[PDB]
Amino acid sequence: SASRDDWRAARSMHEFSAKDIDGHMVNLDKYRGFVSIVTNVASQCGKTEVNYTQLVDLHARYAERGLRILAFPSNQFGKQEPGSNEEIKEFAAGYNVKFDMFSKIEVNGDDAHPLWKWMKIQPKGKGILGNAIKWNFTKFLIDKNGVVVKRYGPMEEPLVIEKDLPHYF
């Protein structure tokens, strides 16, 4: 509010950019034409295993249809992502991740990545008790035009997204 918030006027996830887990700046317009799941991850949560395994399942099954997964580590929830980006990359490799890992970010507060600020105010990005990210492994499903079409909370295992994603290919 006192901060610059021209991010509010973006019309698509595809307008944004973010550093990948190796520190390289990626323009998210590469996802034009691809159904995407954007999620915040952490390594030291009780549901880390179920989330990583099922995200890998989704990518393995649907990458050929155009499914992409953008995983943003964050240490904002119980300090459950204390590692460096290199350590997080290695952790993801242990789950045979082949989707897109990003550098660690904040997802809540004034210093959150602006993509996350933007997703949280979208009509289909609404949370329950306000729009803040509540814990690790929130998921946003994004259509081929970069519009948010659904939000899933931490406790919704990634395979629940499988019911919805085929409508957007």
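One rule holds for the numbers: they count along the sequence shown, beginning at 1.
Legend: mean Cα B-factor per stretch from the PDB entry, 134 to 142 versus 26 to 34; the higher mean is in 26 to 34.
Remark: of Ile21, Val147, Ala18, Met155, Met155 shows the highest value [criterion: C-alpha B-factor in the PDB entry]. In the deposited entry, the Cα temperature factor of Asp110 places it in the highest third of its chain's modelled residues. When the modelled residues of the chain are ordered by their C-alpha B factor, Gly94 lands in the middle third. Ranked within its chain, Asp100 lands in the lowest third, by CA B factor from the PDB record.
Ranked against the other modelled residues of its chain, the C-alpha B-factor of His59 as given in the entry falls in the middle third. Sort the modelled residues of the chain by CA B factor and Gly83 lands in the middle third.
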